[PDB]
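Visitor: Following this: a sequence and the matching experimental structure.
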Number of protein chains: 2
Amino acid sequence: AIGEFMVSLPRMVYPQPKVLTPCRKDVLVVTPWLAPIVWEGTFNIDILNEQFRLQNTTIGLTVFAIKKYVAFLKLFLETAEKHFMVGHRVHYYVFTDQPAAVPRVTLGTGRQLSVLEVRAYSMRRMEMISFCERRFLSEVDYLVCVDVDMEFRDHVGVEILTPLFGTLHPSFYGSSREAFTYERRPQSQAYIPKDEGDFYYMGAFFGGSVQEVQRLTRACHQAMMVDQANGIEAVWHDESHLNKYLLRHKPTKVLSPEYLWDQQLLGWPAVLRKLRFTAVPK
Amino acid sequence: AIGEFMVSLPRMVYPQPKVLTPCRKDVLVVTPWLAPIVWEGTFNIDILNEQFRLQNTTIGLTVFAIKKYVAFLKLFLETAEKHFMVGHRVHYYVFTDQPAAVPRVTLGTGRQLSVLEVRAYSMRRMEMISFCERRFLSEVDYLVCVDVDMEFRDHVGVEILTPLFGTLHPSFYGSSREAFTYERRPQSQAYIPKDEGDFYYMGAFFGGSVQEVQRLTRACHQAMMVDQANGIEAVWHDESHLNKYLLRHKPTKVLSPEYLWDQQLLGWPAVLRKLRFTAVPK
Ligand SMILES: O=c1ccn([C@@H]2O[C@H](COP(=O)(O)OP(=O)(O)O[C@H]3O[C@H](CO)[C@@H](O)[C@H](O)[C@H]3O)[C@@H](O)[C@H]2O)c(=O)[nH]1
Ligand SMILES: O=c1ccn([C@@H]2O[C@H](COP(=O)(O)OP(=O)(O)O[C@H]3O[C@H](CO)[C@@H](O)[C@H](O)[C@H]3O)[C@@H](O)[C@H]2O)c(=O)[nH]1
Ligand SMILES: [Mn+2]
Ligand SMILES: [Mn+2]
């Protein structure tokens, strides 16, 4: 459930947070609109697990595996079982043009997988997320929407959950805003001028409550349709639109690049204590 | 309104948040349950003002002025007009045994004051807040509950608003938990053992959404009634109970001691960039 009566936490023994000791001094851990930026060392997962289990939280995870990308499902799902929301209720929604190619993956208790068949034609995921509206409202509390050509290597848990989140793109977290690859043509709905922008968010990992995710995906789909009607395609497709949306609708948490990393491309810099969810070649 | 459809922010020009530059390196700016701790330098008030004005947010402020404490109202209210939620809708609720002693204070536009008469007997504020339940639900989005023997000296605005907040007590923000003056007798409902506790919150400044404030004040009133029936009075009265509640129900923001300070007692230490709401002698 979200927003419902919250019962008392039980007694817990854990280290006292100390006001005059910051968790992390090397990174920004809160945005200027007071949204946490989630890095290792900023959260006590035991407190968070208690809070979310007491609400019997169910997390939906959407993933698209169309054409050759069905090959990525086995590693994606098997590593999700090891690292994604373990202990919580999880419902995977696998959208594919080849239901028979979905691997048979053994799931832990309280976890389920639904195969949803779609047509084969990246930019139409927004539309499909916004066919499933009624399904998701009835079945899960939060939605997490990710790319499939990825693997989990470390904990990805309830610390991410919030009404609306985006993830810092691993190539741009140190960049100034004029360097961000936002859509820069005023003719596109995704247009952001050079003096605007907080962050460059990656289209590969966003989420939130079902209501907020439906609002985002609806808005991005509508904006993409407008661009299509006007004969323009944003430079980075759905990611350009996601960036425009999150500029105008500030996320209530921001995930650090721990949550979307490419080790082949970018190595393992000092600012990353954990590499949680990472690109697979292709 | 709270929780309703959020329209898009307009274009804004402001400094880019930089991921590899923390706002503040000298203090903890997020709790281990991912609640912001509100210090100067952590928020862009222009972004927050936009967000809350777009929801037409109304803030209720409750204050009790019983017996000799009516003398504190003039400075309290006049300085609130200068510094508290300026630009937003505000409704003051002044609870007093002497309605005629309430000073005639000139209010800015969009601000109103109601005088509520009560009986003269600190611990019964929880009960009165939890007589007013229907009134507050109909009239305001957030409630802020404060002591009267105080003055505003600097900005106190929408950066504080969240479902549930407490404020760090100015005498104890650097203390280890065993030193906190929690109720330590197991016979009291307010009991917290020496190995538990995040922070020591002051009873003089707490708040949240109307729903969460009613939950807190109801729970504290019920706990205080149990203690009374058992012949025990918590060491710091309502503040002991507030501390127990916020241990078991984590606040979604924590205000730094900028928001409750005593300059006569504690001076102006380096960690405080602003002194916003401060004790008046008596
Ligand atoms: O033939 C395809 C092509 C794409 N996909 C799905 O769409 C996702 C995105 O495509 P992918 O090739 O992974 O794109 P990338 O270049 O790795 O990622 C960029 O492009 C994506 C789509 O615009 C955004 O989500 C990312 O943020 C952006 O970095 C894939 O993971 C799949 O889930 C398929 O299922 N089949
Ligand atoms: O005769 C009185 C006594 C108290 N009050 C009200 O109750 C508040 C609390 O009393 P006060 O004397 O200000 O208590 P303090 O010792 O300054 O504050 C401590 O006691 C309060 C009451 O337990 C808590 O709110 C504070 O966190 C705690 O620091 C006052 O500000 C008034 O609003 C009156 O109106 N008339
Ligand atoms: Mn990819
Ligand atoms: Mn006082």
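Guide: Sure thing, it's come through. Residues are numbered from 1 along each chain as shown, chains lettered A, B, ... in the order given. Ligands and ions are numbered 1, 2, ... in the order given.
Visitor: And the contacts of the helix or strand harbouring residue A:245?
Guide: Following DSSP states H and E, one finds residue A:245 within helix A:238-248. Helix A:238-248 has contacts (CB atoms under 8 Å, 6 or more residues apart in numbering or on different chains) with A:122-123, A:125-126, A:164, A:166, A:180, A:182-183, A:188-192, A:196-203, A:206, A:216, A:219-220, A:223-224, A:234, A:236, B:8-9. Every residue, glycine included, has its C-beta placed from N, CA and C.
Visitor: Name the surrounding residues that touch the helix or strand following that helix.
Guide: Per DSSP H and E, the first helix or strand lying C-terminal to helix A:238-248 is strand A:253-255. For strand A:253-255, the external contacting residues (CB under 8 Å, 6+ apart) are A:31, A:35-38, A:160, A:162, A:164-168, A:199, A:201, A:205, B:34.
Visitor: And the helix or strand following strand A:253-255, what does it pack against?
Guide: Counting by DSSP H and E, the next helix or strand C-terminal to strand A:253-255 is helix A:263-266. Judged by 3 or more CB pairs under 8 Å, 6 or more residues apart in numbering or on different chains; DSSP states H and E, the packing partners of helix A:263-266 are strand A:277-279.
Visitor: now check the strand it packs on, is it near ligand 1?
Guide: No: Strand A:277-279 stays clear of ligand 1 (CB under 6 Å from any ligand atom), getting no nearer than 7.0 Å.
Visitor: I'd like to know which elements that strand is packed against.
Guide: Using 3+ CB pairs under 8 Å, 6+ apart, strand A:277-279 is in contact with strand A:150-152, helix A:263-266.
Visitor: what's residue A:180 in contact with, if anything?
Guide: A:172, A:192, A:197, A:200, A:243.
Visitor: Phi first, then psi, for it.
Guide: phi -60, psi 140 (degrees, to the nearest 10).
Visitor: Please work out how many residues are found near residue A:54.
Guide: Counted with other CB atoms under 10 Å in any protein chain shown, residues neighbouring residue A:54 total 14.
Visitor: re the thing from before, identify, from the contacts of residue A:180, the entry nearest to residue B:277.
Guide: residue A:197 (34.3 Å; CB to CB).
Visitor: With adjacent residues omitted, what lies nearest to the closest one?
Guide: Excluding the flanking residues, the one nearest residue A:197 by CB to CB, 6 or more residues apart in numbering or on different chains is residue A:177, at 4.1 Å.
Visitor: and residue A:58, backbone torsions?
Guide: phi -120, psi 130.
Visitor: quick one: the nearest residue to it once chain neighbours are set aside and residue A:148, what's the gap?
Guide: Excluding the flanking residues, the one nearest residue A:58 by CB to CB, 6+ apart is residue A:89, at 4.1 Å. Distance, residue A:89 to residue A:148, by CB to CB, to the nearest Å: 22 Å.
Visitor: From the contacts of helix A:238-248, keep the buried residues only.
Guide: Using 16 or more other CB atoms under 10 Å in any protein chain shown as the burial test, the contacts of helix A:238-248 include A:123, A:125-126, A:164, A:166, A:180, A:182-183, A:188-192, A:196-203, A:206, A:216, A:219-220, A:223-224, A:234, A:236 as buried.
Visitor: Run the angle between the longest helix seen in chain A and helix A:238-248 for me.
Guide: As assigned by DSSP state H, the longest helix anywhere in chain A is helix A:210-229. Counting by axes from the mean of the first three to the mean of the last three CA atoms, to 10 degrees, helix A:210-229 lies at 120 degrees to helix A:238-248.
Visitor: chain center to helix A:210-229, what's the gap?
Guide: Helix A:210-229 sits 16 Å away from the centroid of its parent chain (CA atoms, centre = their mean, to the nearest Å).
Visitor: In contact with the residue in chain A that ligand 2 sits nearest to: list those residues for me.
Guide: Nearest residue of chain A to ligand 2, counting by CB to the nearest ligand atom: residue A:19, 17.7 Å away. Going by CB under 8 Å, 6+ apart, residue A:19 touches B:27, B:28, B:37, B:168, B:173, B:174, B:199.
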